[PDB]
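> so I pulled this structure from the PDB, and the sequence comes with it:
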Amino acid sequence: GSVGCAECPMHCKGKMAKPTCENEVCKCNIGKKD
């Protein structure tokens, strides 16, 4: 259950916000919008 992808976006900084999930791992990076 990818939860990080929930906090990931939440833990994203203004001007750059995009949830990115990979095999249960999440990050806030442009190019992917999960």
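Nice, thanks for sending it over. Numbers count the residues shown, from 1 in each chain.
> how many residues are close by residue 24?
10 (other C-beta atoms under 10 Å). Backbone N, C-alpha and C define where each C-beta goes, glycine included.
> quick one, what contacts the closest residue to it other than its chain neighbours?
Nearest residue to residue 24, sequence neighbours excluded (C-beta to C-beta, 6 or more residues apart in numbering): residue 2, at 5.2 Å. Applying C-beta atoms under 8 Å, 6 or more residues apart in numbering to residue 2 gives the contacts 21, 24-26, 34.
> just the buried members of those?
Among the contacts of residue 2, those classed as buried by 16 or more other C-beta atoms under 10 Å are 21, 26.
> nearest to residue 13 among the contacts of residue 2?
The closest of these to residue 13 turns out to be residue 26 (C-beta to C-beta; 14.9 Å).
> tell me the SS of the closest one?
Each residue gets one of three states, and residue 26 gets strand by DSSP: H, G, I helix; E, B strand; the rest coil.
> ok, it touching residue 1?
No. Applying C-beta atoms under 8 Å, one finds residue 26 not in contact with residue 1, separated by 11.3 Å.
> how about the residue nearest the centre of the chain: what's its closest non-neighbour residue?
The centroid of the chain falls nearest to residue 19 when counting by C-alpha atoms, centre = their mean (2.6 Å). Nearest in space to residue 19, with sequence neighbours left out and distances taken as C-beta to C-beta, 6+ apart, is residue 9 at 4.1 Å.
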